[PDB]
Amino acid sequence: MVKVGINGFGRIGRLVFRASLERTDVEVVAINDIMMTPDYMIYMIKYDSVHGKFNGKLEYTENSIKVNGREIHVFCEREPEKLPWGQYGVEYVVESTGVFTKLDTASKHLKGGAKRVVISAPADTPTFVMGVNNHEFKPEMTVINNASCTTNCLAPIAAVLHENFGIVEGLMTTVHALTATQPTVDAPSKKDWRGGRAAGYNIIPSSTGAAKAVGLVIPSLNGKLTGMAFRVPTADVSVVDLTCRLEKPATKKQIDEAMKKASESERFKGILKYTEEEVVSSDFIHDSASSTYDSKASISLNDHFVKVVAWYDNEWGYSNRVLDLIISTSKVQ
C-alpha cells in the first residue's frame, strides 16, 4: 500500500479520500486543513451536497479521525514546511489546497519527509494525464501535477482523433460546472473580473490553458489547439466541445468506432468511456471516467471538420485520476 497525505481537505481532497477507501493499494494516513478540526472534519466527510452521504463509521479525537476503525492523523498547519509528514510514513502528499500550485512552495512538503508530491492542478512542474503520458514519469520527479479536470477530459479525446486521423488544428470550449473560486453574489476578483460575478445567475466566460496543455502531454499537438470556458450554474459535471480539422478523412461512423475501440483498450479502460444514449449532465454525477464521448451529441460538417462532445465529472473523475497517478508513478523508482 502507498501511504498518502492530503493537504487541503476540500472538494478534491475529500473526494480523493472517499475514492481511496475503495482501493486496496493506497491508504490515506494523514490529513491537513487549517479551516477544520477533527470533529468538523468527519461532518464534512459524512454529508456531501453532490455525492451523497457516507455511511461508514466515523469517530474523532483532538488530533485524528477514525474511519471504519482506522485512525488517520489530522494536522492543522498553515505552512507546508512545518508538516511532519515523514513521522506518519507518508510517501505521497496530494497538494489540493489551491494555494500551493508552484514547484517552489509545493516542494516544502519534502522538508518534513514526504517523498513525492502530486499537485492537484496545473503547475510549473512535469504534467501528467493518465492514459496519455503517465509512463513518461521519471523517478527524479519528486513534484508533479495531474493537470486540470478539463485537460483530463480533452487529452484522451485529442489522442484518439490525432492518432487515427491527425488533428491539423482545433478550438475547444468547455461548459463547466461551478467551483469554489466563484462567489455567490457579485464580489471582488481582482485578477478575473468576470469570475467575480454571481456564479448562480450568469453564464461566465473564463480562460483556461487546457487546450494548450494538451500540447504538453501530447507533444506533436504543441501549438495546434486552444480554447476557453463558460462557467454555468450547475453543481458538478462539465462537458468539452472540441471543433477540429482532421488531416485524413473520417466519417462520423469512423469517429464513433475509433472512440468505442479506444474505450475498450487497456490504455483507456475506465478513463475514456463511450455512450450512445440520450444523456444529460447529471447522469455523470459520480462517474469516475476522465472523459465520456457522446456519440449522439457529436456532429460532423464533413469528413475533415467535426465537433466532438465529451463529458466529465470534474470532481469525481479527477479525484480518481489523482490516485491512479500516485499508484502509476509509485512503481517507478
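Counting begins at 1, following the sequence as shown.
Checked against the record, the higher mean CA B factor of 213-221 and 83-91 lies with 213-221. If you average the C-alpha B-factors over 135-143 and over 150-158, the higher value belongs to 135-143.
Residue-level inspection of the entry shows that, of 228, 246, 239, 232, 246 has the top Cα B-factor. The residue among 75, 201, 193, 128 whose C-alpha atom has the highest B-factor in the PDB entry is 128. Sort the modelled residues of the chain by CA B factor and residue 275 lands in the middle third.
For residue 6, the recorded CA temperature factor ranks within the lowest third of the chain's modelled residues. Per the deposited record, the Cα B-factor of residue 207 falls in the highest third when ranked against the other modelled residues of its chain. Split the chain's modelled residues into thirds by C-alpha temperature factor. Residue 168 is in the highest one. For residue 186, the recorded CA temperature factor ranks within the lowest third of the chain's modelled residues.
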